[PDB]
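Asks: This structure is in structure tokens; I'll ask about it shortly.
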Amino acid sequence: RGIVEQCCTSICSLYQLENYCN
Amino acid sequence: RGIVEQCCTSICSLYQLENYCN
Amino acid sequence: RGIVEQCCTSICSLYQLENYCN
Amino acid sequence: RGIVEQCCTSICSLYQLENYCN
Amino acid sequence: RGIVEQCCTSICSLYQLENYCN
Amino acid sequence: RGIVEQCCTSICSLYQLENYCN
Amino acid sequence: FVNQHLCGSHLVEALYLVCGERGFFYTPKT
Amino acid sequence: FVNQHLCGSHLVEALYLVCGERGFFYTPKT
Amino acid sequence: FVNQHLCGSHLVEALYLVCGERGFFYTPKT
Amino acid sequence: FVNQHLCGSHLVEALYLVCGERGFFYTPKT
Amino acid sequence: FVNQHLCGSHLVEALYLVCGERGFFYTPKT
Amino acid sequence: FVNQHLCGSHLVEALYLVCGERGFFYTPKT
Ligand SMILES: [Zn+2]
Ligand SMILES: [Zn+2]
């Protein structure tokens, strides 16, 4: 739900942060 | 109201942190 | 009570973190 | 002009850095 | 194989780093 | 005696660092 | 790994490590 | 810029960048 | 290899601070 | 010193400085 | 002496991120 | 120019940790 809502307001694994790599 | 109350307990722009440069 | 409960959930001085040095 | 080039041999000011903001 | 040796002259990937986890 | 001089070529201990506290 | 929230500058450091040579995009708008 | 709270070590890093060659003073007393 | 990966971590940390709302892309080489 | 909570990556940086040449062990389990 | 103490601070910061729950030991030399 | 600006960011981060309540001035050259 956006980088901060997926990772900062929530918890993301390696394969929920890998979504924002170039 | 002090560096932490102006910036940490609050929000300071570039020109509210520039107040503490030498 | 563990490193995080002694230091993160609590407050530890130099001689409560020195407990975890090798 | 590249990032690592003129901020990792030269020191980029807050204004040189700002060339890289969206 | 040492840490500072092959992560501070070479760049250790997330997978090379993971060799050092418990 | 300067900061960057003997903490950025030599490694300053927590006790060498403390020479720079108010 | 990090079963943990990563906010502010800790999120962009996580991206920086994870992504590596690729690079990343940070948009703190929403 | 950073329409955001900067506490602890993130405040002194903000000062460090913003001030540059000048330098800064940090007093976390009040 | 390193101390350029070392410098890059300081960049995206500075760019997070400098850019904020606008956000930023980090594209090595290119 | 730091009459303050040190969590996450700020705890491991505190350990890193304090311990020095010795080294440290971080276990965030409990 | 330094920029190897500089690199080591980036390591345990990366290791905190990489290792998480498992935790880690940091043993220089050895 | 850099990796001395790189080292300086580690200093005020160490000085924040080391000094705490007392606080500190950061005066390059001088
Ligand atoms: Zn933080
Ligand atoms: Zn560094």
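By convention here, the chains of the structure tokens are called A, B, ... in the order presented, each chain's residues are numbered starting at 1, and ligands are numbered starting at 1 in the order presented.
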Kindly provide, as JSON, numbers by chain, all nucleotide and amino acid residues lying within 7 Å of ligand 2, counting only C-alpha atoms and all ligand atoms.
Replies: {"I": [6, 7, 10], "K": [6, 7, 10], "L": [6, 7, 10]}
Asks: Output N, CA, C and O atoms for every residue in that selection, as a CSV table (one decimal), in the first residue's frame.
Replies:
chain,number,residue,atom,x,y,z
I,6,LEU,N,30.6,2.5,0.9
I,6,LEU,CA,30.6,3.2,2.2
I,6,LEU,C,30.0,4.6,2.0
I,6,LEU,O,29.3,5.1,2.9
I,7,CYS,N,30.4,5.3,1.0
I,7,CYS,CA,30.0,6.6,0.7
I,7,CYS,C,28.5,6.7,0.2
I,7,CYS,O,27.8,7.6,0.6
I,10,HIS,N,25.9,6.9,2.9
I,10,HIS,CA,25.8,8.3,3.4
I,10,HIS,C,25.0,9.2,2.4
I,10,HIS,O,24.4,10.2,2.8
K,6,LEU,N,35.6,2.7,10.4
K,6,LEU,CA,34.5,3.3,9.6
K,6,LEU,C,33.7,2.2,8.9
K,6,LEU,O,32.4,2.4,8.9
K,7,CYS,N,34.3,1.2,8.3
K,7,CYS,CA,33.6,0.2,7.6
K,7,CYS,C,32.9,-0.8,8.6
K,7,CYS,O,31.8,-1.3,8.3
K,10,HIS,N,29.4,0.0,9.6
K,10,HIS,CA,28.5,-0.3,8.5
K,10,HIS,C,28.2,-1.8,8.4
K,10,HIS,O,27.1,-2.2,7.9
L,6,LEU,N,33.0,11.9,5.5
L,6,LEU,CA,32.5,10.5,5.8
L,6,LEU,C,32.8,10.1,7.3
L,6,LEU,O,32.0,9.6,7.9
L,7,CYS,N,34.0,10.5,7.7
L,7,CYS,CA,34.4,10.2,9.1
L,7,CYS,C,33.7,11.1,10.1
L,7,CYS,O,33.4,10.7,11.2
L,10,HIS,N,30.4,10.0,11.5
L,10,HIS,CA,30.6,9.0,12.5
L,10,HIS,C,31.1,9.6,13.8
L,10,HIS,O,30.8,9.0,14.9
Asks: Check which residues fall inside 12 Å of ligand 1 when counting only C-alpha atoms and all ligand atoms, and print them as a ChimeraX atom specification.
Replies: /G:5-13 /H:5-13 /I:13 /J:5-13 /K:13 /L:13
Asks: Once chain D sits on chain A after a least-squares Cα superposition, all atoms in order, what's the RMSD?
Replies: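 With all C-alpha atoms paired in order, the RMSD is 1.1 Å.
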Asks: Which residues are near stretch 21-23 of chain K? Cut-off 12 Å, only C-alpha atoms, ignore same chain within fewer than 5 positions. Put them as a VMD selection string.
Replies: (chain C and resid 3 to 4) or (chain E and resid 18 to 22) or (chain G and resid 1 to 4) or (chain J and resid 8 12 24 to 30) or (chain K and resid 12 to 16)
Asks: For the residues selected in the previous step, produce a file with N, CA and C atoms as a PDB file, in the first residue's frame.
Replies:
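For reference, again.pdb as written:
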ATOM      1  N   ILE C   3      19.338  -8.223  26.375  1.00  0.00           N
ATOM      2  CA  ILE C   3      19.920  -6.979  25.857  1.00  0.00           C
ATOM      3  C   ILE C   3      18.887  -5.891  25.514  1.00  0.00           C
ATOM      4  N   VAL C   4      17.792  -6.281  24.864  1.00  0.00           N
ATOM      5  CA  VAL C   4      16.744  -5.331  24.480  1.00  0.00           C
ATOM      6  C   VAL C   4      15.877  -4.883  25.659  1.00  0.00           C
TER       7      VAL C   4
ATOM      8  N   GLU E  18      25.111 -12.989   5.216  1.00  0.00           N
ATOM      9  CA  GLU E  18      24.322 -13.977   5.954  1.00  0.00           C
ATOM     10  C   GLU E  18      25.149 -15.165   6.459  1.00  0.00           C
ATOM     11  N   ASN E  19      26.377 -15.299   5.957  1.00  0.00           N
ATOM     12  CA  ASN E  19      27.328 -16.290   6.469  1.00  0.00           C
ATOM     13  C   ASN E  19      27.724 -16.009   7.919  1.00  0.00           C
ATOM     14  N   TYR E  20      27.408 -14.802   8.385  1.00  0.00           N
ATOM     15  CA  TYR E  20      27.834 -14.323   9.698  1.00  0.00           C
ATOM     16  C   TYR E  20      26.694 -14.246  10.720  1.00  0.00           C
ATOM     17  N   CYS E  21      25.537 -14.797  10.359  1.00  0.00           N
ATOM     18  CA  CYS E  21      24.372 -14.820  11.243  1.00  0.00           C
ATOM     19  C   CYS E  21      24.323 -16.109  12.059  1.00  0.00           C
ATOM     20  N   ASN E  22      23.749 -16.027  13.258  1.00  0.00           N
ATOM     21  CA  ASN E  22      23.609 -17.190  14.133  1.00  0.00           C
ATOM     22  C   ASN E  22      22.395 -18.050  13.774  1.00  0.00           C
TER      23      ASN E  22
ATOM     24  N   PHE G   1      15.193 -12.155   9.191  1.00  0.00           N
ATOM     25  CA  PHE G   1      15.800 -10.996   8.481  1.00  0.00           C
ATOM     26  C   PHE G   1      15.572  -9.727   9.302  1.00  0.00           C
ATOM     27  N   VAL G   2      14.449  -9.059   9.050  1.00  0.00           N
ATOM     28  CA  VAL G   2      13.980  -7.944   9.862  1.00  0.00           C
ATOM     29  C   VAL G   2      12.457  -8.029   9.885  1.00  0.00           C
ATOM     30  N   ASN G   3      11.925  -8.905  10.736  1.00  0.00           N
ATOM     31  CA  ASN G   3      10.490  -8.933  11.011  1.00  0.00           C
ATOM     32  C   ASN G   3      10.157  -7.694  11.843  1.00  0.00           C
ATOM     33  N   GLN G   4      10.333  -6.534  11.217  1.00  0.00           N
ATOM     34  CA  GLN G   4      10.316  -5.259  11.915  1.00  0.00           C
ATOM     35  C   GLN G   4       9.985  -4.113  10.969  1.00  0.00           C
TER      36      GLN G   4
ATOM     37  N   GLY J   8      16.964  -1.267  18.211  1.00  0.00           N
ATOM     38  CA  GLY J   8      17.277  -1.583  16.823  1.00  0.00           C
ATOM     39  C   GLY J   8      18.739  -1.461  16.445  1.00  0.00           C
ATOM     40  N   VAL J  12      23.132  -1.601  18.501  1.00  0.00           N
ATOM     41  CA  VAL J  12      24.297  -2.301  17.952  1.00  0.00           C
ATOM     42  C   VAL J  12      25.448  -1.347  17.620  1.00  0.00           C
ATOM     43  N   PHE J  24      31.309  -7.778  20.282  1.00  0.00           N
ATOM     44  CA  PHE J  24      30.084  -7.940  21.067  1.00  0.00           C
ATOM     45  C   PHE J  24      29.185  -9.064  20.551  1.00  0.00           C
ATOM     46  N   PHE J  25      28.138  -9.373  21.315  1.00  0.00           N
ATOM     47  CA  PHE J  25      27.080 -10.268  20.852  1.00  0.00           C
ATOM     48  C   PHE J  25      25.695  -9.633  20.967  1.00  0.00           C
ATOM     49  N   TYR J  26      24.977  -9.612  19.847  1.00  0.00           N
ATOM     50  CA  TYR J  26      23.616  -9.094  19.808  1.00  0.00           C
ATOM     51  C   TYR J  26      22.617 -10.226  19.602  1.00  0.00           C
ATOM     52  N   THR J  27      21.689 -10.353  20.545  1.00  0.00           N
ATOM     53  CA  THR J  27      20.613 -11.335  20.461  1.00  0.00           C
ATOM     54  C   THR J  27      19.281 -10.646  20.775  1.00  0.00           C
ATOM     55  N   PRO J  28      18.506 -10.305  19.727  1.00  0.00           N
ATOM     56  CA  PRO J  28      17.261  -9.558  19.890  1.00  0.00           C
ATOM     57  C   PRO J  28      16.058 -10.459  20.172  1.00  0.00           C
ATOM     58  N   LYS J  29      16.328 -11.715  20.524  1.00  0.00           N
ATOM     59  CA  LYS J  29      15.288 -12.701  20.805  1.00  0.00           C
ATOM     60  C   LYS J  29      14.460 -12.325  22.031  1.00  0.00           C
ATOM     61  N   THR J  30      15.153 -12.039  23.135  1.00  0.00           N
ATOM     62  CA  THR J  30      14.536 -11.666  24.411  1.00  0.00           C
ATOM     63  C   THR J  30      15.549 -10.986  25.330  1.00  0.00           C
TER      64      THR J  30
ATOM     65  N   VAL K  12      28.061  -4.139  11.231  1.00  0.00           N
ATOM     66  CA  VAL K  12      27.141  -4.513  12.309  1.00  0.00           C
ATOM     67  C   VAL K  12      25.768  -3.859  12.132  1.00  0.00           C
ATOM     68  N   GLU K  13      25.734  -2.805  11.318  1.00  0.00           N
ATOM     69  CA  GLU K  13      24.497  -2.150  10.914  1.00  0.00           C
ATOM     70  C   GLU K  13      23.832  -2.955   9.799  1.00  0.00           C
ATOM     71  N   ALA K  14      24.656  -3.535   8.928  1.00  0.00           N
ATOM     72  CA  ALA K  14      24.181  -4.435   7.883  1.00  0.00           C
ATOM     73  C   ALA K  14      23.811  -5.794   8.471  1.00  0.00           C
ATOM     74  N   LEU K  15      24.611  -6.258   9.432  1.00  0.00           N
ATOM     75  CA  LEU K  15      24.383  -7.542  10.096  1.00  0.00           C
ATOM     76  C   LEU K  15      23.135  -7.536  10.973  1.00  0.00           C
ATOM     77  N   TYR K  16      22.848  -6.403  11.611  1.00  0.00           N
ATOM     78  CA  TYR K  16      21.592  -6.245  12.344  1.00  0.00           C
ATOM     79  C   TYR K  16      20.407  -6.396  11.391  1.00  0.00           C
TER      80      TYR K  16
END
Asks: To one decimal place in Å, what is the distance between atom CA of residue A:5 and atom CA of residue I:20?
Replies: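 So the two atoms, atom CA of residue A:5 and atom CA of residue I:20, lie 16.0 Å apart.
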Asks: Write out as a ChimeraX atom specification all residues of chain I that backbone DSSP assigns to helix (DSSP H, G or I).
Replies: /I:5-22
Asks: For chain L against chain C, which residues fall within 12 Å using only C-alpha atoms, given as a PyMOL selection string?
Replies: chain L and resi 17-20
Asks: Could you dump the residues just selected with C-alpha atoms as a CSV table (one decimal), in the first residue's frame?
Replies:
chain,number,residue,atom,x,y,z
L,17,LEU,CA,26.4,8.7,22.2
L,18,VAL,CA,29.5,9.5,24.3
L,19,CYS,CA,28.5,13.0,25.5
L,20,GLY,CA,24.7,12.8,26.0
